[PDB]
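Single chain ahead, by itself, as structure tokens, in the form deposited in one PDB entry.
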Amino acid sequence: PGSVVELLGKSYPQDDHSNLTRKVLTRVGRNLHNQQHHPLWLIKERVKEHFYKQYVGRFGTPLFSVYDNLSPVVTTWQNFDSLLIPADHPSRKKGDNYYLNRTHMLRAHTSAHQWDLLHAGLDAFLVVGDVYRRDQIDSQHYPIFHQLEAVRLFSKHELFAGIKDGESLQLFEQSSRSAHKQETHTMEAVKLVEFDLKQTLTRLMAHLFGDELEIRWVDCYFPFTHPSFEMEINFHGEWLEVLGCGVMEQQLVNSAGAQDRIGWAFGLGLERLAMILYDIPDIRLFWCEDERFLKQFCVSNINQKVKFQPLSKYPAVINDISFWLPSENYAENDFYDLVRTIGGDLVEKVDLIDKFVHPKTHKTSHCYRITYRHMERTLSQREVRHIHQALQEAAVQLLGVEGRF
């Protein structure tokens, strides 16, 4: 680690929270979602088209202003507080986030920009960006991914525009929160906003995958919406969630300066959708510069349905690695970072196969299985060996583990 961190021309005093690895710094600024012909970019464009064309189609729909080049550096106030996330909420753990320090971090979700954009008076906007999270390692997790956010506000008169005695209906009231609504909302209002959310997302999803796909709404919870849903798509026989969404917490919308609006919001994972839409097997492919992959996304128009042709799958080399955790100083995600650093994209997955306490010493023992498998070629036993030992050493030097091997 170190003393100061310097990012995009700015300086961050380091502290008890800071945990940014250099490997990750190097991805910042890369902006794949603004990269012409990259699948993430393509999805972004297609989503953008849907809203503009949905903005011409009907007098209802507003203009969504699009922000796809905001800096991923934000304050914990933006990323958490402004979205009502309690101080003790697990999503804040040092072990799950990349903190430049106590006050700044790499945003963990594009929702970190809602308050700012809404405070700026906006009513409908999209945000698209690289987000950052310390998580596990497998073909479906990567420390960096991309999200597309959408917020849409409604005025009273707009929401109830199409009815008889309309203006006698309201957005607000003071009842109690239930499973179906916030305390300061009318069920009349919540029902129409929720309908609008689902319909938009459904039309959109249907734009992207045609009238073929199986979706389902799932009731869930987020501190910044209520009610909230995850939308799942069935793919390869499994219900995968591809987005979060719901009716915006009114205190959020009020603290931004629009106490007269009711809104929905959603956040969708670009990679997660891309992998389903194009049958892309491993998240790592988004970052490889192999033409066998990238070329397949060069199309004349963003609607020219691409036919993703899987690359060959190469053989893996598997190596276990065990060791003793420092005396109460350790995070599983610490190790996964070290594996990202040393093994880079050579690593396909890391499983924590074994854990146990030694009676005599009270020390704890972790054993992990590392699957080395390169997306573009056969890995030689020799190269894996070297990498694996380097990992072994590094583990000891940096993580203060005792090489049990």
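Numbering starts at 1 and follows the sequence shown.
Quick note: we don't show the form deposited in another entry, though the next part is all about it.
Choose from 212, 312, 165, 59 the one placed at the hinge of the motion between the shown form and the other one, with one rigid part turning against the other.
Comparing the two forms, the hinge falls at 312.
Your call: residue 376 and residue 39 CA atoms, closer or farther in the other form versus the shown structure, by 3 Å or more?
Farther apart, which means the C-alphas of residue 376 and residue 39 are at least 3 Å more distant in the other form.
Which is it in the other form for the CA atoms of residue 399 and residue 10, closer or farther than here, knowing they shift by 3 Å or more?
Relative to this form, farther apart in the other form.
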